[PDB]
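Residue-level structural notes
Chain residues, written in single-letter form:
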Amino acid sequence: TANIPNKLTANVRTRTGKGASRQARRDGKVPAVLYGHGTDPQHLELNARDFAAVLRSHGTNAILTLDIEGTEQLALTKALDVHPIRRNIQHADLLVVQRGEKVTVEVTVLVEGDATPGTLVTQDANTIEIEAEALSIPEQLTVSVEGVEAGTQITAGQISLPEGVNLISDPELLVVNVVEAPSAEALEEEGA
Amino acid sequence: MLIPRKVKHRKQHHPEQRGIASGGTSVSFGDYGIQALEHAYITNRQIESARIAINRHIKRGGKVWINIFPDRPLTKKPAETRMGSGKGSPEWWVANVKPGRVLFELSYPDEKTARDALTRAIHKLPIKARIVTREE
Amino acid sequence: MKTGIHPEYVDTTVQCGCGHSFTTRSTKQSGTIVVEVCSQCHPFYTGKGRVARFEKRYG
Amino acid sequence: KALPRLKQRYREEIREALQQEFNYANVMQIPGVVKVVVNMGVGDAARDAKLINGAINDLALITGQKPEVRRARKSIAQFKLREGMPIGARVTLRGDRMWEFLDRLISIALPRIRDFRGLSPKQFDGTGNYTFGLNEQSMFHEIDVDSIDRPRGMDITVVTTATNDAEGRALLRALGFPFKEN
Amino acid sequence: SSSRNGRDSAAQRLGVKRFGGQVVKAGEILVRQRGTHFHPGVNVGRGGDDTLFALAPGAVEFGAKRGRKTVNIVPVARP
Amino acid sequence: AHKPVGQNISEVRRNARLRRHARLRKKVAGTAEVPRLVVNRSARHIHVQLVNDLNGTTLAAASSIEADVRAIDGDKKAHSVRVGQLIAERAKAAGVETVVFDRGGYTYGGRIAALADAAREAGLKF
Amino acid sequence: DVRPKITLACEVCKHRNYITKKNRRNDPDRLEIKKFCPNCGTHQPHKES
RNA sequence: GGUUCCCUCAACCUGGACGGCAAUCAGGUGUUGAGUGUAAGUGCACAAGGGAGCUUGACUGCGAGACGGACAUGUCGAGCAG
Ligand SMILES: [Zn+2]
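Residues numbered from 1 in each chain as written, not as in the entry; some residues may be left out. Chains lettered and ligands numbered in written order. Part of a larger assembly, values for the part shown. Heavy atoms only, no water. Residues with missing side-chain atoms left out of burial classes, pairs and counts.

**Some points on the overall build of chain B**
Helix and strand counts for chain B stand at two helices and seven strands. Ordered by position from the N terminus, the helices and strands of chain B form the series β-β-α-β-β-β-β-α-β. Its C-alpha atoms give chain B principal-axis dimensions of roughly 55 × 30 × 25 Å. Here the analysis covers contacts within chain B between residues at least 6 apart in sequence; of these, 81% occur between residues at least 24 apart. On chain B, roughly 8,200 Å² of surface is accessible, and the fraction owed to carbon and sulfur atoms is 48%. (Helix = DSSP H or I, 4+ residues; strand = E, 2+ residues; numbered from the N terminus. Contact = heavy atoms within 4.5 Å. Areas by Shrake-Rupley, 256 points an atom, 1.4 Å probe, with all protein chains shown as cover.)

**Description of the nonpolar core**
Ranked by size, the top nonpolar core spans 42 residues in total, and within it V36, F101, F132, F140, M154, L175 and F177 of chain D carry the most contacts. Looking at this core, the elements with two or more residues in it are α1 (5-22), β1 (33-41), α2 (52-63), β3 (86-93), α3 (95-109), β4 (130-133), β5 (155-160) and α4 (165-175) of chain D. For this core, the leading source of residues is α3 of chain D, giving seven residues. Excluding its chain neighbours within four sequence positions, the residues that come into contact with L175 of chain D are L6, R9, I14, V33 and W99 of chain D. Counting 28 residues, the second largest nonpolar core, distinct from the first, contains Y32, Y108, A117 and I127 of chain B. (Core = buried A, V, L, I, M, F, W, Y, C linked by side-chain atoms within 4.5 Å. Buried < 20%, exposed > 50% of the residue type's maximum accessible area, 1.4 Å probe, protein only.)

**Looking at the sheet that holds strand β3 (residues 57-63) of chain F**
Residues and elements named next belong to chain F. Read across the sheet, four strands follow the order β3-β2-β1-β4 without closing on themselves; strand pairing throughout is mixed. Strands with a single pairing partner mark the edges of an open sheet, and in this sheet they are β3 and β4 (100-102). Each strand axis lies, on average, 25 degrees off the axis of its neighbour in the sheet, ignoring direction. (Pairing = 2+ DSSP bridges. Axes fitted to C-alpha atoms, helices over the stretch in contact; angles between N-to-C directions.)

**Quick notes on the pairing of β4 of chain D**
Residues and elements named next belong to chain D. The side-chain alternation of β4 yields one buried face, formed by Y130 and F132, and one unburied face, formed by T131 and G133. In this sheet, β5 lies alongside β4 in antiparallel orientation, the contact comprising four bridges. Of the residues in β5, the one forming a bridge with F132 is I156.

**With respect to the packing of aromatic side chains**
Residues and elements named next belong to chain D. Overall, the coordinates contain 16 aromatic pairs over all chains when judged by the stated rule. Consider the rings of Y130 and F132, whose centres lie 5.9 Å apart with planes at 45 degrees: the pair is tilted. Judged by its relative accessible area of 4%, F132 is buried. With centroids separated by 6.4 Å and ring planes inclined at 85 degrees, the aromatic side chains of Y130 and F177 adopt a geometry described as edge-to-face. With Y130 in strand β4 and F177 in the segment after α4, the pair connects residues that are 47 residues apart, well separated along the chain. (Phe/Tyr/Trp six-rings, centres within 6.5 Å; stacked < 30°, edge-to-face > 60°.)

**Concerning the state of the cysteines**
Residue and element names in this part refer to chain C. One pass over the structure, following the stated rule, counts zero disulfides over all chains. The closest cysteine sulfur to the non-disulfide-bonded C38 is located on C41, 3.5 Å from its own sulfur. Here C41 falls in the partly exposed class, since its relative accessible area comes to 28%. (Disulfide = S-S within 2.5 Å.)

**What about the interface of chain C and chain D?**
On the chain D side, the residues contacting the 20 residues of chain C number 20 residues. Overall, the association of chain C and chain D removes approximately 1,900 Å² of surface from exposure, summing both partners, and the carbon and sulfur fraction of that is 65%. Considering only the side of chain C, the residues that lose the most area to chain D are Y9, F44 and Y45 of chain C, jointly responsible for 27% of the buried surface there. Where chain C packs against chain D, one counts zero salt bridges. Counting every contact that joins chain C to chain D gives five residue pairs in polar contact. Elements that contribute at least two residues to the side of chain C that touches chain D include exactly β3 (25-26), β4 (33-35) and α1 (43-46) of chain C. (Buried area = accessible area lost by both parts, 1.4 Å probe. Salt bridge = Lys/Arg side-chain N within 4 Å of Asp/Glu carboxyl O. Polar contact = N/O pair within 3.5 Å; in protein donor to acceptor, adjacent residues only side chain to side chain.)

**Describing the protein's contact with RNA strand H**
As a structural note, the neighbourhood of RNA strand H is formed by 64 residues, with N39, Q123 and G153 of chain D together with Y18 and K35 of chain G the closest of them. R19 of chain F is positioned such that a nitrogen or oxygen atom in its side chain is 3.3 Å from a phosphate oxygen of RNA strand H. Here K27 of chain F contributes a side-chain N or O atom positioned 3.2 Å from a phosphate oxygen of RNA strand H. Looking at the surface near RNA strand H, the elements with two or more residues in it are β1, β3 and β4 of chain D, β3 (29-32) of chain E, α1 (9-22) of chain F together with β2 (16-21) and β3 (32-37) of chain G. Per-class residue counts for the surface near RNA strand H are 18 nonpolar, 22 polar and 24 charged. (Near = heavy atom within 4 Å. Nonpolar A, V, L, I, M, F, W, Y, C, P; charged D, E, K, R; others polar.)

**What about unusual backbone geometry?**
Non-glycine residue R87 of chain A carries a positive phi angle of around 55 degrees. If you trace the backbone, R87 of chain A turns up in the loop between β5 (71-81) and β6 (91-96). What makes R87 of chain A exposed here is its relative accessible area of 51%. Even without a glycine there, the phi angle at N23 of chain D is positive, about 60 degrees. Topologically, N23 of chain D is positioned in the loop between α1 and β1.

**Here's the deal with a positive patch on the surface**
Together, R66 and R68 of chain E together with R19, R20, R23, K26 and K27 of chain F give the surface a local cluster of positive charge. Within the secondary structure, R68 of chain E sits in strand β8 (residues 68-74). (Patch = residues over 30% accessible without salt bridge, like charges linked within 9 Å, V, L, I, M, F, W, Y side chains within 5 Å. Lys, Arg positive; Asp, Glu negative; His and termini not counted. Charge placed at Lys NZ, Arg CZ, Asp CG, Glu CD.)

**With respect to the coordination of the zinc ion**
All names here are of chain G. Here the zinc ion is held by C10 (SG), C13 (SG), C37 (SG) and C40 (SG), and the distances to it run 2.3 Å. Taken in sequence order, the residues that donate to the zinc ion follow the motif C-x2-C-x23-C-x2-C. With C10 in strand β1 (residues 5-10) and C37 in strand β3, this residue pair connects regions lying 27 residues apart in the sequence. The exposure class of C10 is buried, given its relative accessible area of 3%. (Donors = N, O, S within 2.8 Å, 3.2 Å for Na, K, Ca; no water.)

**Side note on the sheet that holds strand β1 (residues 32-36) of chain B**
All names here are of chain B. Strand order in the open sheet made by the four strands is β3-β6-β1-β7, with antiparallel pairing throughout. On the outer flanks of this sheet lie β3 (63-66) and β7 (129-133), each paired with one strand and no other. For this sheet, the mean angle separating the axes of adjacent strands, direction not counted, is 20 degrees. By the bridge criterion, four bridges tie β3 to strand β6 (residues 102-107) in an arrangement that is antiparallel. Within the sheet, the bridge partner assigned to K63 lies in β6 and is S107. Of the strands in this sheet, β1, β6 and β7 are in contact with helix α2 (residues 111-122), which crosses β1 at around 30 degrees.

**Description of the environment of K34 of chain G**
Residue and element names in this part refer to chain G. Inspection of the secondary structure assignment puts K34 in strand β3. On the accessibility criterion, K34 (59% relative accessible area) is exposed. In this structure, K34 is in contact with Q44 and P45, ignoring residues within four places of it in sequence.

**Considerations on the arrangement of the chains**
No other pair of the four pairs of chains in contact has as many contacts as chains C and D. Regarding chain C and chain F, which are not in contact, the minimum distance between any of their C-alpha atoms is 20 Å.

**Side note on the pattern of salt bridges**
One pass over the full model with this rule turns up 22 salt bridges over all chains. For the salt bridge of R13 of chain A with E45 of chain A, the shortest nitrogen-to-oxygen distance reads 3.9 Å. Here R13 of chain A, found in the loop between β1 (6-12) and α1 (18-25), pairs with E45 of chain A, found in strand β3 (residues 42-47); they are 32 residues apart in sequence, far enough to count as distant. Here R13 of chain A matches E45 of chain A in class, with each residue buried. Linking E111 of chain B and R115 of chain B is a salt bridge whose minimum nitrogen-to-oxygen distance equals 3.3 Å. In this pair, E111 of chain B and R115 of chain B both sit in helix α2, four residues apart, roughly one turn of the helix. Taken together, the salt bridges that share partners define one network made up of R25, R36, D53 and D102 of chain F.

Shown next as structure tokens:
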């Protein structure tokens, strides 16, 4: 997988703190940090509406290309600070990367397909860890439940991975659990 | 009704109702959830009344999770007595809920029935709440 | 080894009915003792009056 | 200027046999015996203290030295056992006196067992140590049948330098233990 | 009905009496405590009830020695 | 292959001695005026030192490794007496009059006591 | 009284110097002990009265 | 109680005549989860916990300097001599 990096304009902050971050967010901006093997963090500011557009389509682990006052940089989204209620982006950790480098990333797994009609599909693990190239991170991973019968454990070792992607988490994670659909009598005894 | 087997201290101070929730603000088990928006003590009777409303609506299939447990007791002194002479005996068990906390969860094949079943349960709770999903 | 608390110990001699003899130290005061079965006598090791009456009266 | 025949036999016969069978890298790895401990856990002496006197006297005759008098380190209601009372005895044997006791047990004591069928080779302890029990005290010539009062057995254990069970049997077999073919 | 509680004991006024940097005499009480939350150091002794008192004049200094909190007395120098 | 199961007697002996030597040092300590006399005893030799614990520096030292001590025709106890006399000569030369005996975590008696009694009549008092 | 108060008197001068408590079921006999006697000026055997 | 010296538990695994979840024996892992006369708290593995030998300081005349305090009470104390 080859991903064209997303271009985003970044400005170096002049004032940091909690009084300056609140004012920055009031102007449609998000504070950010750019650490990595550069080993000297840079305090940046990003457009709030432009950053959210990149995350909406290309996933949470989006590769970026920051224009830090005329200098091009390849960066990867490492973490996000989201308000529980207002559902904002209060911060963003950015990690510097270079082409041909391996990073450890959690990607999401999706469950597609319709199983036997007398079954209920329950997904235990939301995401699994991989180790792929910097510009070759899959946007999402998929599994298929088509004709799966009764009680089966679909494990993290049976997820079909693209080339150049290696599983990091142990191959015994119960990712998808397919079980018999509960009856009406089995509902009334759960949580009493 | 949910009741702890035992507690070290049977008479306790009231739980504080300040701040927002630190943990438990995301849907982990099911596909849909109910997220609180106000502070309240959710009694163990409103949880039973709210998870039977979900059971009736979805009938047979699906699974329901209750992420809050009524651990902390509240007392009530005998009726028609003056103030003083001790502290009342415990009578009901509550759960301290802060805004952002996710209370219930549900897994069901189709969406229209799932969101209707969870709405039937928000009307039994003494607070405002909203339906949230696993997606971002 | 403390002096006045241990049982009096004697160099002994073991004799068996098969002619096998030993020389060991034991607590037997006599300094000798006879055994009717030893390592060489026993069938389990070697793999090989009531019963004498079976061959006496009946034969 | 005297050696027990088991120690005499071990020095030049048993040691060389073990070297060829396992092919050690140094002569300091050759397995050997460390001590022999003889135990009689009465347990019924909690009902009458005079019971412990029988075990004390017998072990001095069988082994050749005075025992201890072990005391319970816990009070247990179901056994009516209170902490601090005699519950058993113990004798440890090292040096020469171990070699004679191992000699008399193998040569003399074991064959006198009525319906003797040897000792199981699975009684080993994890890392090359052996233990077994007896149901009586009548298999020893040092004790006399005239002065017996009631049956009472021992619990014989041998501690060896052997690393695991494989060398434990080899050292004991070459000593002449009657192990069943299992 | 009534309450079976309602007892308590007098406050014992424990704590640290001389803080770091204070100049003290000899025999002056530094810390009153139940156990050895603080351990005696140099020129400091332990009382019968685990009180810490100064064995020589100087200035108090709190330190640590192998994970143990200690109280030491340093000899301020004569003019 | 081979893999030892328990603890050797040398490993048990080493940690047990340092266990009961640190117990000793909770009382005795060295000062410039009253230095600490530390003794190390082995199956072959015996060593002594005169340590000042404020600086952690050694004032004087004698040992049985020296050629003069090796010339003695006696037994091990005879070597201790020679070493005990050689530490009172060097300590008093350095200007030391009183010391404290740190027996090193060994039982007092035999080679340790013979060294101390030889250094007591030679001038060092403790 | 299980633990009554007892007085220890010097053997020599018979002066009553010390007072203490002992269990009269565990120690049915008169307590014998060596304590300092101010009158004699030295440590002397003391006995219960 | 004073002093001198020595030691490390509880739990679990494995092997053992009565004997079992649990008595006494043996080997291994085990850093404090055991124990501290007596409630709780602060401490104690450096042991204040476990064992042994001798013993009476469970003294006489005193006490620099302090803690705490309406007052009367209460508490700690290096050091000097017998
Ligand atoms: Zn007198």
